[PDB]
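Line order of the protein sequences matches chains B and A. According to the entry's author numbering, the stretch in the first sequence is residues 0 to 9, 15 to 234, in order. According to the entry's author numbering, the stretch in the second sequence is residues 0 to 9, 15, 17 to 234, in order.
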Amino acid sequence: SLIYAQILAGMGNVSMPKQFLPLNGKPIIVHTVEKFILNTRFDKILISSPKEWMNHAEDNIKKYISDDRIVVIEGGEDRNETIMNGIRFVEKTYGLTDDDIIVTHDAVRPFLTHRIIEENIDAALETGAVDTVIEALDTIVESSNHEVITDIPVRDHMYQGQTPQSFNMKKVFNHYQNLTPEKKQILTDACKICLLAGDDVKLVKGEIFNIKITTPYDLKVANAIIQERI
Amino acid sequence: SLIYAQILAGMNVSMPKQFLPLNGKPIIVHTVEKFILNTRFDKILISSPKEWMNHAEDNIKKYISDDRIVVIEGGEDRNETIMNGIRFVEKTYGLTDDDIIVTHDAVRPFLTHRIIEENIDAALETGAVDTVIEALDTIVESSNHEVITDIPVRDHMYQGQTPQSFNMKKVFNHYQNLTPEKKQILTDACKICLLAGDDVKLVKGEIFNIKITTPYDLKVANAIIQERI
Numbered sequence: 000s001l002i003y004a005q006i007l008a009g015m016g017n018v019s020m021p022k023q024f025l026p027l028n029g030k031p032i033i034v035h036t037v038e039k040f041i042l043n044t045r046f047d048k049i050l051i052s053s054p055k056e057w058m059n060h061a062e063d064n065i066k067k068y069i070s071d072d073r074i075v076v077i078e079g080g081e082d083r084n085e086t087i088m089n090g091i092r093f094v095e096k097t098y099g100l101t102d103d104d105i106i107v108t109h110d111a112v113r114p115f116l117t118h119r120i121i122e123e124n125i126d127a128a129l130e131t132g133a134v135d136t137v138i139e140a141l142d143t144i145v146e147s148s149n150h151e152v153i154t155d156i157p158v159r160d161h162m163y164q165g166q167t168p169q170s171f172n173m174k175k176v177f178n179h180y181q182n183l184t185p186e187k188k189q190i191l192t193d194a195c196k197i198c199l200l201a202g203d204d205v206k207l208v209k210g211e212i213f214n215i216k217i218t219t220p221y222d223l224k225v226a227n228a229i230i231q232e233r234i
Numbered sequence: 000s001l002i003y004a005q006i007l008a009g015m017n018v019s020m021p022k023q024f025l026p027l028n029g030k031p032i033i034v035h036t037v038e039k040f041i042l043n044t045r046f047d048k049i050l051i052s053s054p055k056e057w058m059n060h061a062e063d064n065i066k067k068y069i070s071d072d073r074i075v076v077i078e079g080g081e082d083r084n085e086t087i088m089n090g091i092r093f094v095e096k097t098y099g100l101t102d103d104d105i106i107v108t109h110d111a112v113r114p115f116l117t118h119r120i121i122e123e124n125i126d127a128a129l130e131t132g133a134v135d136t137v138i139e140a141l142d143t144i145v146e147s148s149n150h151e152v153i154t155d156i157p158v159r160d161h162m163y164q165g166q167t168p169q170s171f172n173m174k175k176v177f178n179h180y181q182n183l184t185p186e187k188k189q190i191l192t193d194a195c196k197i198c199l200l201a202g203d204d205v206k207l208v209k210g211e212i213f214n215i216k217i218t219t220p221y222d223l224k225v226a227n228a229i230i231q232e233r234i
């Protein structure tokens, strides 16, 4: 029963990964990786990168963090395929068992807490599938035809998905591979795949500040958080 | 057909957040300014709790000299506050069957002219409109609050904003037809119209049409305002 982390993310497939952007003087990826290193229960912390950014990723992390369990690996096309490449890496290099769990997380979510990581580990050992969520900040409205409201579902039922998403490694690898070629394209969320196969996907409560840093909107939303903290 | 705006706030003792300054001036002023730039509004109602009415009236008037601003008394409920707006219009100006109201959060100062204009046009068409954006994140459903029950199709999922615009007589009638506890359950006025069989049209909002509540939300608003000048 070994515990693994996978840190991953992803204009016309050519733009620089946003996790390489500075945030208060240091790359977003470093802020994120620092959180995982402070957790002593991880055996390896995989950082997934597109082929052309691998060299930059490994040289950049090493100048800020000198932890031995950081390994930079090659990404896939889908977020799912990148996860599967992480499971295929662990198998080839370290070997897999039936109790090995992976905590997958967005490189551009640097504000996750120790609590979030710990609960994600514990819930992956229990049920083998976990999603990090917060109570929906806004009223969720459903529209099938995209012109009029078809439904406004009950408020306390509605949650907003964040990451980490943690899984039993063999379970999620098996569930994904059983899908048809068309169904791999549709099912982008790995937590939904486990849901549609009959696994219980437990919830871990996130934070309002556990934001994904993409847009220049999202970037200064992140700058709103970091300055008051010190 | 006369066109009205209603700008709404809400402890119970807290100072309304719309009175907080944003780049040197109250949040409510930023919001009211956008409605004043629309010339189709006949009256711009600003709702306030009874204890903050004097402050709201004096404060708005030192920044904005427009004649169609009137501060009125809010209710306990957002719906009741809306109903008080319709009751005020009926008493003071009179109601017709074609009269529409554009209701909007005081703490949403970043709505655009497009959002307001589309809200006016759609309320004249169908009599019920919601301002929405495509859900920024994956919406998960959980009935039991412990495990995922559903993850619905992404393209179906929207996040609610304001304005919410209505034919006045229609929404007043739809609310009044409800049972006592159904009024307590149904907080959303667009949901009431949906359940009564009206077509609630969608106007697309903006990612920056945020509600300024939390201290998180406050500097998110400070992120938006400095770059635009």
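Backbone N, C-alpha and C define an ideal beta-carbon position, used for all residues, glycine too.
- Close to residue 124 of chain B, with beta-carbon spacing below 7 Å, lies no residue of chain A; the smallest spacing is near 14 Å.
- Taking the beta carbon of residue 224 of chain B as reference, the chain A residues within 7 Å of it are 228, listed in sequence order.
- Contact check for residue 107 of chain A and residue 100 of chain A: beta-carbon distance about 16 Å, past the 8 Å limit, so the pair fails to qualify.
- For residue 144 of chain A, the nearest CB of chain B lies under 9 Å from its own CB, placing it at the interface with that chain.
- In this structure, residue 180 of chain A keeps its C-beta atom at 9 Å or more from the C-beta atom of residue 43 of chain A.
- Non-local C-beta neighbours of residue 177 of chain B in its own chain, meaning closer than 7 Å and more than five positions away in sequence, comprise 88, 91, ordered along the chain.
- Residue 128 of chain B and residue 172 of chain B do touch by the CB rule: their CB atoms are close to 6 Å apart, below 8 Å.
- Within a 10 Å sphere around the beta-carbon of residue 19 of chain A sit fewer than 16 other beta-carbons, which makes this residue exposed.
- Under the Cβ criterion of 9 Å, residue 155 of chain A is counted among the residues facing chain B.
- Residue 26 of chain B sits in a strand when the DSSP states are folded into three classes.
- Residue 212 of chain B places its beta carbon less than 9 Å from that of residue 141 of chain B.
- Of all C-beta pairs linking the region 158-175 of chain A to the region 143-150 of chain B, three or more are shorter than 8 Å, placing the two stretches in contact.
- When the five nearest sequence neighbours on each side are left out, the beta carbons in the same chain lying within less than 6 Å of the beta carbon of residue 23 of chain B are those of 8, 32, 33, 111, 112, in order along the chain.
- The Cβ atoms of residue 109 of chain A and residue 167 of chain A sit closer than 9 Å to each other.
- A distance below 6 Å between beta-carbons, with the five flanking residues on each side excluded, links residue 71 of chain A to the following residues of its chain, in chain order: 41.
- Buried is the label assigned to residue 3 of chain A, since at least 16 other Cβ atoms lie within 10 Å of its Cβ.
- In this structure, residue 27 of chain A and residue 215 of chain A do not form a Cβ contact; the two beta carbons are roughly 12 Å apart against a cut-off of 8 Å.
- Contact check for residue 121 of chain A against residue 206 of chain A fails: the beta carbons are separated by 9 Å or more.
- Taking CB atoms only, residue 130 of chain B has no neighbour in chain A less than 9 Å away.
- In the structure shown, residue 151 of chain A adopts coil according to DSSP, grouped into three states.
- DSSP places residue 110 of chain B in the strand class (E or B) of the three-state scheme.
- Given a length threshold of 3 residues, each whole run of the beta strand (DSSP E) inside the region 75-144 of chain A is given here in chain order: 105-110, 133-139.
- For residue 199 of chain A, the enclosing alpha helix (DSSP H) stretches over residues 194-200.
- The beta carbon of residue 132 of chain A is closer than 7 Å to those of 171, 172, 175, 203 in its chain, skipping five residues each way along the sequence.
- Secondary structure note for residue 162 of chain A: its beta strand (DSSP E) is the uninterrupted segment 162-172.
- Under the criterion of beta carbons closer than 8 Å, residue 136 of chain B and residue 169 of chain B qualify as touching, at roughly 7 Å.
- Contact of residue 180 of chain B with chain A by beta-carbon distance below 7 Å is absent, the smallest such distance being about 15 Å.
- For residue 163 of chain B, a Cβ of chain A is located within less than 9 Å of the residue's own Cβ.
- Residue 36 of chain A is not a Cβ neighbour of residue 74 of chain A, given a cutoff of 9 Å.
- Residue contact with chain B for residue 234 of chain A: absent (no Cβ-Cβ distance below 9 Å to any residue of chain B).
- Around the beta carbon of residue 104 of chain A, 16 or more other beta carbons lie within 10 angstroms, which makes this residue buried.
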